[PDB]
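Down below is the structure, laid out as structure tokens.
Don't worry about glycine lacking a Cβ; one is built from the backbone with ideal geometry, like all the others, and counts go over all protein chains shown. Here, each number is a calculation from the coordinates, and none is a lab measurement.
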Ligand SMILES: Cc1cc2nc3c(=O)[nH]c(=O)nc-3n(C[C@H](O)[C@H](O)[C@H](O)COP(=O)(O)O)c2cc1C
């Protein structure tokens, strides 16, 4: 696979999502960030990073350890895609933020997949940037039934960049 899709998960939401996103975009290899290295991250030019949100809008532990091993340097030569899971209902003030961290570094490459906030309902989020989401935002908790179409639509918007 040309496209690498790295995810960390605690309940398999992200993993199911990354699988789906691979089903749809195609030509991809799905990797748990928990069992990988920058060495494997840099085996790819075109990447899609799926990541759930933890305490204080932080990253799921595994994604947290992983990103720790990467620096802006590592995201420079890459086309990056951001796809953060989250709960808009139980965490108003911090919704699908985890991705904003990965974002802090990945803004050093070409990040595509910015999406609208329409139909999402939250008080705050570091994931909103320049007026819209830094990438795709999944909410399996409250909006599970919207996952497939958001994926189908996002892969559409993406196709171009990840080709
Ligand atoms: C410790 C904990 C903290 C969480 N914090 C947030 C949060 O800050 N913002 C948010 O939108 N979702 C938050 N969530 C929801 C998860 O990101 C969501 O349930 C996710 O889909 C789980 O991913 P997984 O099943 O791949 O592990 C939190 C979940 C847990 C367990």
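Name every residue in segment 62-80 that is crowded, with 19+ Cβ neighbours inside 10 Å and either within 16 Å of the ligand (Cβ to nearest atom) or not in a loop (DSSP other than H, G, I, E, B) (or both), in order of residue number.
Across segment 62-80, the qualifying residues are 62, 63, 66, 67, 75, 79, 80.
Restricted to segment 36-61, and to residues that are assigned to a helix (DSSP H, G or I) and within 16 Å of the ligand (Cβ to nearest atom), which residue is nearest to residue 135 (Cα to Cα)?
57
Among the numbered conditions (1) touching a strand residue (DSSP E or B) at 6+ places or on another chain (Cβ under 6 Å); (2) farther than 21 Å from residue 2 by Cβ; (3) within 16 Å of the ligand (Cβ to nearest atom), tell me where residue 116 comes up short.
Of (1) touching a strand residue (DSSP E or B) at 6+ places or on another chain (Cβ under 6 Å); (2) farther than 21 Å from residue 2 by Cβ; (3) within 16 Å of the ligand (Cβ to nearest atom), only one is false for residue 116: (3).
Quick check: anything in segment 95-102 within 25 Å of residue 123 (Cβ to Cβ), within 15 Å of the ligand (Cβ to nearest atom), without any contact (Cβ under 8 Å) to a residue 12 or more places away in the chain and outside any loop (DSSP other than H, G, I, E, B)? It would help to see each step written out before you state the result.
Filtering segment 95-102 for residues within 25 Å of residue 123 (Cβ to Cβ) gives 95-102.
Applying the additional criterion that residues be within 15 Å of the ligand (Cβ to nearest atom) yields 95-102.
Checking the rest, the ones that are also without any contact (Cβ under 8 Å) to a residue 12 or more places away in the chain come to none.
No.
Say we look at segment 111-156 and pick out the residues that are touching a helix residue (DSSP H, G or I) at 6+ places or on another chain (Cβ under 7 Å) and closer than 10 Å to residue 86 by Cβ; which of these is surrounded by the fewest Cβ atoms within 10 Å (Cβ to Cβ)?
Ranking the qualifying residues of segment 111-156, first place goes to 140.
More than 9 Å from the ligand (Cβ to nearest atom), touching a strand residue (DSSP E or B) at 6+ places or on another chain (Cβ under 7 Å) and more than 17 Å from residue 129 (Cα to Cα): which single residue out of 33, 83 fits that description?
Exactly one of 33, 83 is more than 9 Å from the ligand (Cβ to nearest atom), touching a strand residue (DSSP E or B) at 6+ places or on another chain (Cβ under 7 Å) and more than 17 Å from residue 129 (Cα to Cα), namely 33.
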